[PDB]
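So this block is protein-v2.cif, mmCIF, C-alpha atoms:
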```
data_entry
#
loop_
_atom_site.group_PDB
_atom_site.id
_atom_site.type_symbol
_atom_site.label_atom_id
_atom_site.label_comp_id
_atom_site.auth_asym_id
_atom_site.auth_seq_id
_atom_site.Cartn_x
_atom_site.Cartn_y
_atom_site.Cartn_z
ATOM 1 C CA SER A 7 -110.091 190.504 -29.942
ATOM 2 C CA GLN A 8 -111.243 193.691 -31.809
ATOM 3 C CA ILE A 9 -114.947 194.613 -32.058
ATOM 4 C CA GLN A 10 -115.998 197.698 -33.975
ATOM 5 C CA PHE A 11 -119.224 199.537 -33.130
ATOM 6 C CA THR A 12 -120.389 201.043 -36.416
ATOM 7 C CA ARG A 13 -123.050 203.253 -34.819
ATOM 8 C CA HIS A 14 -120.850 204.400 -31.904
ATOM 9 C CA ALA A 15 -119.406 207.565 -33.429
ATOM 10 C CA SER A 16 -122.826 208.883 -34.503
ATOM 11 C CA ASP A 17 -124.375 208.063 -31.139
ATOM 12 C CA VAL A 18 -121.592 210.026 -29.440
ATOM 13 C CA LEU A 19 -122.196 212.991 -31.723
ATOM 14 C CA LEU A 20 -125.938 212.684 -31.190
ATOM 15 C CA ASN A 21 -125.385 212.766 -27.410
ATOM 16 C CA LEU A 22 -122.970 215.688 -27.682
ATOM 17 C CA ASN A 23 -125.667 217.654 -29.501
ATOM 18 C CA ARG A 24 -128.230 216.822 -26.808
ATOM 19 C CA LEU A 25 -125.678 218.192 -24.293
ATOM 20 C CA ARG A 26 -125.639 221.373 -26.394
ATOM 21 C CA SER A 27 -129.456 221.534 -26.522
ATOM 22 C CA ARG A 28 -129.570 221.395 -22.727
ATOM 23 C CA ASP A 29 -126.506 223.628 -22.463
ATOM 24 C CA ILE A 30 -124.647 221.027 -20.404
ATOM 25 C CA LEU A 31 -120.891 221.629 -20.099
ATOM 26 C CA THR A 32 -120.832 224.244 -22.855
ATOM 27 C CA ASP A 33 -117.625 226.184 -22.210
ATOM 28 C CA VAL A 34 -117.561 228.974 -24.756
ATOM 29 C CA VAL A 35 -119.809 231.476 -26.412
ATOM 30 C CA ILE A 36 -119.129 232.149 -30.073
ATOM 31 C CA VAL A 37 -120.292 235.648 -30.966
ATOM 32 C CA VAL A 38 -121.085 236.709 -34.551
ATOM 33 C CA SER A 39 -122.612 240.128 -35.232
ATOM 34 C CA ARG A 40 -123.597 240.050 -31.552
ATOM 35 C CA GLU A 41 -125.614 236.864 -32.065
ATOM 36 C CA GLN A 42 -124.508 234.363 -29.369
ATOM 37 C CA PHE A 43 -123.832 230.634 -29.942
ATOM 38 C CA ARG A 44 -123.037 228.362 -26.987
ATOM 39 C CA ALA A 45 -120.793 225.345 -27.657
ATOM 40 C CA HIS A 46 -118.081 222.936 -26.497
ATOM 41 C CA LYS A 47 -114.537 223.973 -27.530
ATOM 42 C CA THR A 48 -113.553 220.382 -28.322
ATOM 43 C CA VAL A 49 -116.326 219.844 -30.862
ATOM 44 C CA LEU A 50 -115.402 223.204 -32.456
ATOM 45 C CA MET A 51 -111.793 222.099 -32.664
ATOM 46 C CA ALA A 52 -112.726 218.662 -34.024
ATOM 47 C CA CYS A 53 -114.540 220.230 -36.972
ATOM 48 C CA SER A 54 -112.718 223.487 -37.830
ATOM 49 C CA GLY A 55 -109.122 224.365 -38.589
ATOM 50 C CA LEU A 56 -109.668 227.863 -37.231
ATOM 51 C CA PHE A 57 -111.088 226.775 -33.873
ATOM 52 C CA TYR A 58 -108.345 224.138 -33.672
ATOM 53 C CA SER A 59 -105.781 226.952 -33.929
ATOM 54 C CA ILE A 60 -107.698 229.305 -31.669
ATOM 55 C CA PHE A 61 -108.076 226.857 -28.798
ATOM 56 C CA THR A 62 -104.667 225.166 -29.063
ATOM 57 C CA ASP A 63 -103.177 228.654 -28.722
ATOM 58 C CA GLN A 64 -102.467 228.966 -24.952
ATOM 59 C CA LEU A 65 -103.257 232.676 -24.884
ATOM 60 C CA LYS A 66 -106.845 232.000 -26.033
ATOM 61 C CA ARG A 67 -107.396 228.411 -24.892
ATOM 62 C CA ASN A 68 -109.179 229.648 -21.796
ATOM 63 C CA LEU A 69 -111.316 232.461 -23.212
ATOM 64 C CA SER A 70 -115.021 231.792 -22.542
ATOM 65 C CA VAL A 71 -116.022 234.116 -25.334
ATOM 66 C CA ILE A 72 -114.664 234.175 -28.896
ATOM 67 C CA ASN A 73 -115.759 236.920 -31.360
ATOM 68 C CA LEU A 74 -115.579 235.982 -35.058
ATOM 69 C CA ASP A 75 -114.570 238.592 -37.676
ATOM 70 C CA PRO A 76 -117.165 241.264 -38.645
ATOM 71 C CA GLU A 77 -117.494 239.850 -42.153
ATOM 72 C CA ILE A 78 -118.949 236.624 -40.736
ATOM 73 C CA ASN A 79 -122.724 236.527 -40.646
ATOM 74 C CA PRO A 80 -124.919 234.808 -37.987
ATOM 75 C CA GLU A 81 -126.968 232.431 -40.138
ATOM 76 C CA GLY A 82 -124.041 231.172 -42.158
ATOM 77 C CA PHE A 83 -122.232 230.262 -38.973
ATOM 78 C CA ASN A 84 -125.397 228.702 -37.493
ATOM 79 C CA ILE A 85 -125.778 226.376 -40.477
ATOM 80 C CA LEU A 86 -122.198 225.252 -39.881
ATOM 81 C CA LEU A 87 -122.478 224.915 -36.131
ATOM 82 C CA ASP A 88 -125.503 222.636 -36.650
ATOM 83 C CA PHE A 89 -123.579 220.648 -39.238
ATOM 84 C CA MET A 90 -120.819 220.202 -36.668
ATOM 85 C CA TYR A 91 -123.126 218.685 -34.086
ATOM 86 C CA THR A 92 -125.339 216.670 -36.496
ATOM 87 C CA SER A 93 -123.527 215.878 -39.792
ATOM 88 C CA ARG A 94 -126.454 217.654 -41.481
ATOM 89 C CA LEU A 95 -125.609 220.588 -43.767
ATOM 90 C CA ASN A 96 -128.771 222.504 -44.725
ATOM 91 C CA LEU A 97 -127.721 224.228 -47.930
ATOM 92 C CA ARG A 98 -130.180 226.533 -49.680
ATOM 93 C CA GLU A 99 -130.023 228.848 -52.674
ATOM 94 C CA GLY A 100 -130.580 231.691 -50.220
ATOM 95 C CA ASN A 101 -127.651 231.004 -47.862
ATOM 96 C CA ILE A 102 -125.238 229.079 -50.044
ATOM 97 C CA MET A 103 -122.756 231.957 -50.488
ATOM 98 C CA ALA A 104 -122.774 232.800 -46.780
ATOM 99 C CA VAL A 105 -122.132 229.163 -45.805
ATOM 100 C CA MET A 106 -119.247 228.809 -48.255
ATOM 101 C CA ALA A 107 -117.470 231.965 -47.076
ATOM 102 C CA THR A 108 -118.036 230.952 -43.446
ATOM 103 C CA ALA A 109 -116.724 227.468 -44.176
ATOM 104 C CA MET A 110 -113.653 228.991 -45.854
ATOM 105 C CA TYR A 111 -113.044 231.294 -42.873
ATOM 106 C CA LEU A 112 -113.517 228.347 -40.489
ATOM 107 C CA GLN A 113 -111.091 226.321 -42.577
ATOM 108 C CA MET A 114 -113.558 223.500 -43.250
ATOM 109 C CA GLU A 115 -112.373 222.349 -46.692
ATOM 110 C CA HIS A 116 -114.676 219.315 -47.086
ATOM 111 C CA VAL A 117 -117.645 221.566 -46.519
ATOM 112 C CA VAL A 118 -116.199 224.179 -48.859
ATOM 113 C CA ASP A 119 -116.145 221.526 -51.593
ATOM 114 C CA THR A 120 -119.703 220.492 -50.925
ATOM 115 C CA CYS A 121 -120.823 224.104 -51.279
ATOM 116 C CA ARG A 122 -118.988 224.353 -54.607
ATOM 117 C CA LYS A 123 -120.703 221.164 -55.786
ATOM 118 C CA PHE A 124 -124.078 222.514 -54.626
ATOM 119 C CA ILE A 125 -123.521 225.781 -56.550
ATOM 120 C CA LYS A 126 -122.228 224.005 -59.663
ATOM 121 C CA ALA A 127 -125.280 221.712 -59.796
ATOM 122 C CA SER A 128 -128.508 223.562 -58.897
ATOM 123 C CA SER B 7 -132.560 220.134 -47.512
ATOM 124 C CA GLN B 8 -130.451 217.589 -45.632
ATOM 125 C CA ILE B 9 -127.106 216.434 -47.058
ATOM 126 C CA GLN B 10 -125.292 213.494 -45.434
ATOM 127 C CA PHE B 11 -121.710 213.208 -44.211
ATOM 128 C CA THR B 12 -121.679 209.534 -43.219
ATOM 129 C CA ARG B 13 -118.014 210.114 -42.422
ATOM 130 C CA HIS B 14 -118.448 213.254 -40.277
ATOM 131 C CA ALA B 15 -119.368 211.485 -37.036
ATOM 132 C CA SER B 16 -116.299 209.257 -37.188
ATOM 133 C CA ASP B 17 -114.072 212.158 -38.326
ATOM 134 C CA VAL B 18 -115.247 214.080 -35.255
ATOM 135 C CA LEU B 19 -114.439 211.134 -32.947
ATOM 136 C CA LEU B 20 -110.971 210.665 -34.456
ATOM 137 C CA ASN B 21 -110.184 214.313 -33.749
ATOM 138 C CA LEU B 22 -111.551 214.097 -30.232
ATOM 139 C CA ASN B 23 -109.224 211.139 -29.703
ATOM 140 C CA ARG B 24 -106.367 213.168 -31.136
ATOM 141 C CA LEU B 25 -107.033 215.854 -28.487
ATOM 142 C CA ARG B 26 -106.960 213.142 -25.812
ATOM 143 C CA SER B 27 -103.570 211.943 -27.166
ATOM 144 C CA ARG B 28 -102.089 215.436 -26.914
ATOM 145 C CA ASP B 29 -103.857 216.184 -23.625
ATOM 146 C CA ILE B 30 -105.607 219.233 -25.085
ATOM 147 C CA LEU B 31 -108.540 220.611 -23.050
ATOM 148 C CA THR B 32 -108.822 217.407 -20.984
ATOM 149 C CA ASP B 33 -110.810 218.531 -17.969
ATOM 150 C CA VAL B 34 -110.898 215.569 -15.629
ATOM 151 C CA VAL B 35 -108.638 212.816 -14.358
ATOM 152 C CA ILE B 36 -110.377 209.512 -13.713
ATOM 153 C CA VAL B 37 -108.661 207.468 -11.023
ATOM 154 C CA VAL B 38 -108.977 203.700 -11.100
ATOM 155 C CA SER B 39 -107.128 201.854 -8.338
ATOM 156 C CA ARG B 40 -104.246 204.292 -8.623
ATOM 157 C CA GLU B 41 -103.848 204.581 -12.407
ATOM 158 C CA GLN B 42 -104.672 207.926 -13.993
ATOM 159 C CA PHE B 43 -106.687 208.560 -17.113
ATOM 160 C CA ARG B 44 -106.979 212.082 -18.470
ATOM 161 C CA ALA B 45 -110.145 212.815 -20.445
ATOM 162 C CA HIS B 46 -112.950 215.065 -21.574
ATOM 163 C CA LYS B 47 -116.096 215.110 -19.444
ATOM 164 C CA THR B 48 -118.370 215.675 -22.436
ATOM 165 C CA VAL B 49 -116.993 212.555 -24.115
ATOM 166 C CA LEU B 50 -117.460 210.487 -20.944
ATOM 167 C CA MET B 51 -121.058 211.740 -20.517
ATOM 168 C CA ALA B 52 -121.897 211.017 -24.155
ATOM 169 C CA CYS B 53 -120.707 207.438 -23.664
ATOM 170 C CA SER B 54 -121.639 206.395 -20.090
ATOM 171 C CA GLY B 55 -124.688 206.822 -17.864
ATOM 172 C CA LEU B 56 -122.533 206.862 -14.723
ATOM 173 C CA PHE B 57 -120.455 209.753 -16.031
ATOM 174 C CA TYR B 58 -123.576 211.555 -17.251
ATOM 175 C CA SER B 59 -124.745 211.456 -13.630
ATOM 176 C CA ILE B 60 -121.393 212.361 -12.044
ATOM 177 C CA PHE B 61 -120.919 215.397 -14.323
ATOM 178 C CA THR B 62 -124.334 216.955 -13.618
ATOM 179 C CA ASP B 63 -123.948 216.131 -9.898
ATOM 180 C CA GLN B 64 -124.356 219.147 -7.605
ATOM 181 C CA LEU B 65 -121.512 217.796 -5.446
ATOM 182 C CA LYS B 66 -119.076 216.406 -8.021
ATOM 183 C CA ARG B 67 -119.658 218.413 -11.226
ATOM 184 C CA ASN B 68 -116.686 220.764 -10.725
ATOM 185 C CA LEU B 69 -114.200 218.217 -9.463
ATOM 186 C CA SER B 70 -111.082 217.820 -11.591
ATOM 187 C CA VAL B 71 -110.587 214.269 -10.249
ATOM 188 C CA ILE B 72 -113.033 211.360 -10.067
ATOM 189 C CA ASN B 73 -112.249 208.169 -8.172
ATOM 190 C CA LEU B 74 -114.087 205.100 -9.374
ATOM 191 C CA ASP B 75 -115.151 202.558 -6.767
ATOM 192 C CA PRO B 76 -112.217 200.381 -5.610
ATOM 193 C CA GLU B 77 -113.635 197.173 -7.062
ATOM 194 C CA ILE B 78 -113.055 198.534 -10.598
ATOM 195 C CA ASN B 79 -109.902 197.407 -12.376
ATOM 196 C CA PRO B 80 -107.638 199.777 -14.409
ATOM 197 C CA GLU B 81 -107.133 197.708 -17.565
ATOM 198 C CA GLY B 82 -110.855 197.170 -17.851
ATOM 199 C CA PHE B 83 -111.364 200.925 -17.688
ATOM 200 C CA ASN B 84 -108.449 201.688 -20.056
ATOM 201 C CA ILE B 85 -110.134 199.369 -22.588
ATOM 202 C CA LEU B 86 -113.529 201.046 -22.272
ATOM 203 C CA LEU B 87 -111.929 204.498 -22.410
ATOM 204 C CA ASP B 88 -110.212 203.600 -25.689
ATOM 205 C CA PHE B 89 -113.543 202.260 -26.866
ATOM 206 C CA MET B 90 -115.211 205.583 -26.086
ATOM 207 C CA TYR B 91 -112.809 207.517 -28.299
ATOM 208 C CA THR B 92 -112.471 205.010 -31.174
ATOM 209 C CA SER B 93 -115.569 202.771 -31.490
ATOM 210 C CA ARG B 94 -113.136 199.793 -31.138
ATOM 211 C CA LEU B 95 -113.264 197.454 -28.126
ATOM 212 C CA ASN B 96 -110.066 195.452 -27.629
ATOM 213 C CA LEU B 97 -110.825 192.255 -25.701
ATOM 214 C CA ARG B 98 -108.926 189.141 -24.585
ATOM 215 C CA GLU B 99 -110.078 186.011 -22.778
ATOM 216 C CA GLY B 100 -108.159 187.260 -19.765
ATOM 217 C CA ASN B 101 -109.726 190.701 -19.520
ATOM 218 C CA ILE B 102 -113.166 190.253 -20.982
ATOM 219 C CA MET B 103 -114.880 189.589 -17.650
ATOM 220 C CA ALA B 104 -113.236 192.662 -16.056
ATOM 221 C CA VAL B 105 -114.212 194.588 -19.170
ATOM 222 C CA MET B 106 -117.801 193.400 -18.789
ATOM 223 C CA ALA B 107 -117.920 194.338 -15.103
ATOM 224 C CA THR B 108 -116.423 197.770 -15.787
ATOM 225 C CA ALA B 109 -119.045 198.381 -18.503
ATOM 226 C CA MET B 110 -121.875 197.484 -16.100
ATOM 227 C CA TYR B 111 -120.458 199.899 -13.530
ATOM 228 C CA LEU B 112 -120.174 202.617 -16.196
ATOM 229 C CA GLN B 113 -123.647 201.761 -17.492
ATOM 230 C CA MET B 114 -122.707 200.836 -21.075
ATOM 231 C CA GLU B 115 -125.444 198.255 -21.784
ATOM 232 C CA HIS B 116 -124.592 197.472 -25.364
ATOM 233 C CA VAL B 117 -120.945 196.909 -24.562
ATOM 234 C CA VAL B 118 -122.010 194.854 -21.565
ATOM 235 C CA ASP B 119 -124.259 192.599 -23.647
ATOM 236 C CA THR B 120 -121.656 192.329 -26.418
ATOM 237 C CA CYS B 121 -119.156 191.102 -23.834
ATOM 238 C CA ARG B 122 -121.715 188.823 -22.199
ATOM 239 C CA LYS B 123 -122.484 187.192 -25.567
ATOM 240 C CA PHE B 124 -118.815 186.786 -26.485
ATOM 241 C CA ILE B 125 -118.137 185.090 -23.124
ATOM 242 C CA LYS B 126 -121.033 182.648 -23.606
ATOM 243 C CA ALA B 127 -119.526 181.742 -26.975
ATOM 244 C CA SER B 128 -116.225 181.368 -25.105
#
```

How would this structure read if it were set down as structure tokens?
Amino acid sequence: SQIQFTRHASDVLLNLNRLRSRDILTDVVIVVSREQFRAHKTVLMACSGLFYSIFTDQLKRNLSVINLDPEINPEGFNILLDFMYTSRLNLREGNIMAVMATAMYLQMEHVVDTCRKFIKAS
Amino acid sequence: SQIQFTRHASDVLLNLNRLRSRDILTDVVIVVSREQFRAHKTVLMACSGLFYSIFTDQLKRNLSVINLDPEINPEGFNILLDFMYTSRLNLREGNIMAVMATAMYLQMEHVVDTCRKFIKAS
């Protein structure tokens, strides 16, 4: 009756990221300090409270470009975008603060906690 | 510096499924027989070779509606569609052969073989 594919979710994410690599079906450009990041609205929504609100909002649901607030830096966001499509969060001593603030802005609490743990450890 | 989120992939899928449920940003209607299934093209491509092809197709890529060949049965597709968004394949002795056929048509090898094996166990 019910068979569960344990690798299915990660394969899907893997494939979604390959779609991003080849820019297939990307439907929005996230702009941060003029740096452009192409993505799929649905993945953005599936990982961030902010994007969930932005894209569920009818007035903005169809924008092809979304500018983040001036206080958001490029690299911090990039680390997070990659995490979204791969489950990999490359934290470093050099970007830790930027990633945490970006995660907070994006409303990604689980990630915010991980950053805190990273800071509190080493 | 790679940290793991073994739960991220499945969290992402769950939220994608939630968007399906609420019909948020669905961008295609798949028509089987006459039944209608609203979905996300990126999800379909990440799960099936046939959809990967159809959504990069010079002719069909911008179509809002896709009609599967007439030999395909609705329930079989409904089952595979749920599988796509949940990693769970709900089978019965009465629909497993239609499910297997639908999977072959959609080019979902692993699901095909899983069904094939289950049938041979009967």

_Residues selected by the PyMOL selection byres ((chain A) within 10 of (chain B)), written as number ranges by chain_ = A: 7-25, 30-32, 46-53, 58, 61-62, 67-68, 89-98, 116-117, 120

_If I take atom CA of residue 85 of chain A and atom CA of residue 66 of chain A, how far is one from the other in Å, to one decimal?_
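Separation between atom CA of residue 85 of chain A and atom CA of residue 66 of chain A: 24.5 Å.
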
*Can you pull out every residue within 7 Å of residue 56 of chain B, counting all atoms listed in the file, but drop anything in the same chain fewer than 2 positions away, and send it as a ChimeraX atom specification?*
/B:54,58-60,112-113

_Within 9 Å of (-117.2, 235.6, -41.0) in the file's own coordinates, which protein, DNA or RNA residues have an atom, counting all atoms listed in the file? List them as an NGL selection string._
:A and (38 or 74-80 or 82-83 or 104 or 107-112)

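Picture a line from atom CA of residue 126 of chain A to atom CA of residue 100 of chain A; it runs 14.8 Å.
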
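Taking atom CA of residue 101 of chain B and atom CA of residue 57 of chain B as the two end points, the separation is 22.1 Å.
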
*the PyMOL selection byres ((chain A and resi 72) around 8) on the file shown: which residues, as a list in words?*
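For this structure, the PyMOL selection byres ((chain A and resi 72) around 8) captures residues 34, 35, 36, 37, 69, 70, 71, 73 and 74 of chain A.
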